[PDB]
Amino acid sequence: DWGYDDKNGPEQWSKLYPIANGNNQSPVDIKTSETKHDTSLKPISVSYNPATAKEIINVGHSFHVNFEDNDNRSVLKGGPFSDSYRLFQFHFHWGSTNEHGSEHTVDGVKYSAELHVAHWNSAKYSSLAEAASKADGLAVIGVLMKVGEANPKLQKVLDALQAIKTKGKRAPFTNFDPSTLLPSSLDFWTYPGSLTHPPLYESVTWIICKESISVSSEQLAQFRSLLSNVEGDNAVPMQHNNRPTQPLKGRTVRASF
Ligand SMILES: CCCCNC(=O)Nc1ccc(S(N)(=O)=O)cc1
Ligand SMILES: [Zn+2]
């Protein structure tokens, strides 16, 4: 029912999901002149076990790489959190051209793509389904992806896409530690926000990395060559899946640096 095209896209999500016009919507434009350094923010701690990697899924608007989330083998701690957050997925957002494709922007600058590494609060809640609609339920690391040199750390992910070309296809995706995709510096911004597509729950604590990672023009093309249609139908490439930035509405973006 929802998507990224003209009739079902971001500027229309509010008809089915009124929280779209809420006070804690994501993504945002990070204005570095308006951020507040917070001395209480601890370094980000990620410890992921590659044996938790499970499956890669074509979800029609994007692709998801899911992780086993039955225990604390793969966790996020530190930064603004007192609780341990359990890794459950990573995915990307991209745009129709290299000029845009990130969700977050920094001082108005649009990057070519963005990596999301998503976690849920296993200290307070017993499942992702319980966590997902709670204010303290989710934590997502965002990494801005700057077009330039090919990023070899994306190879396993890109190589997998040929097995999940059309909507609904899934394949095993094992023995992968997504902390390998993160930049060298985990200096970050944090703010309270939302999922960036339906159901748009205001349940996400965002961790946005200061440092970008690279991606090539041709790697982005591989994302855009995934198909949003089911097998046998007319091919409809996944040209874009980035939401525009949303108003801060009085929220503070904190910097660790
Ligand atoms: C409603 C239960 C959660 C559903 N979502 C998921 O399974 N994945 C997911 C979707 C979007 C985001 S984002 N773009 O980081 O705001 C993070 C995770
Ligand atoms: Zn996302």
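Values in this text are rule-based calculations from the coordinates and carry no lab data. Cβ placement follows ideal geometry from the backbone for every residue including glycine, while neighbour counts extend to all protein chains displayed.
Being small (G, A, S), within 12 Å of ligand 1 (Cβ to nearest atom) and farther than 21 Å from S133 by Cα, is that true of even one residue in the range 90-106? For the range 90-106, residues small (G, A, S), within 12 Å of ligand 1 (Cβ to nearest atom) and farther than 21 Å from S133 by Cα: present. Listed by first and then second residue, the pairs with beta-carbon distance under 6 Å, at least 6 apart or on different chains, first residue in the range 114-125 and closer than 15 Å to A53 by Cβ, second within 10 Å of ligand 1 (Cβ to nearest atom) and β-branched (V, I, T), are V117/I141; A118/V140. For the residues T205, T180, the requirement of being more than 21 Å from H100 (Cα to Cα) and out of contact with any strand residue (DSSP E or B) (no Cβ under 9 Å at 6 or more places or on another chain) singles out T180.
The residues in the range 160-186 that are within 21 Å of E68 (Cα to Cα) and exposed (fewer than 15 other Cβ atoms within 10 Å of the Cβ) can be counted, and the count is 7.
The condition of being touching a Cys at 6+ places or on another chain (Cβ under 9 Å) and either within 29 Å of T39 (Cβ to Cβ) or in a loop (DSSP other than H, G, I, E, B) (or both) holds for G142. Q222 meets the stated requirement of being of a type outside the set (V, I, T), within 25 Å of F67 (Cα to Cα) and surrounded by fewer than 19 Cβ atoms within 10 Å (Cβ to Cβ).
Taking residues in the range 149-170 that are basic (K, R), and partners anywhere that are surrounded by fewer than 16 Cβ atoms within 10 Å (Cβ to Cβ) and in a helix (DSSP H, G or I), the pairs with Cβ atoms closer than 8 Å and at least 6 places apart or on different chains are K153/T180; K169/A163.
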